[PDB]
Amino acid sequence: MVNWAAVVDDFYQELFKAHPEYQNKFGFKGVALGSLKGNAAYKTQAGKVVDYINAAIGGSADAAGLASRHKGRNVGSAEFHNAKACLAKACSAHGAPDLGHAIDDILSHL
């Protein structure tokens, strides 16, 4: 199977390197990037993201519901366009299929 856990780890490295302030919205605010993998909040959140990717591939993802929850954290289409780029870099680093269509599905509700 594609190692989505590793893809997501590289995704958050790319995301928070480019936009460190986005990290302040999570339970691992303030934690050094090189130690995220040892942080309990981060392990939980990454696992949710992996689950969402597997749901999107599997055909069960609720993009509208995810979008609504992100608006509920004052996260919008600008942030998602940045994430789309970071995720494309992470997928490429692992030879994983690009997830741009899944992110577009979320964007269509933002």
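Heads up: residue numbers just count along the shown sequence, starting at 1.
For the pair 96-104 and 20-28, the record assigns the higher mean C-alpha temperature factor to 96-104. Two stretches are in play, 43-51 and 78-86, and the higher mean C-alpha B-factor belongs to 78-86. Remark: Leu110 belongs to the highest third of its chain, ranked by C-alpha B-factor as recorded. Remark: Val8 belongs to the lowest third of its chain, ranked by C-alpha B-factor as recorded. Placement of the Cα temperature factor of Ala61 within the chain: highest third of the modelled residues, per the deposited record.
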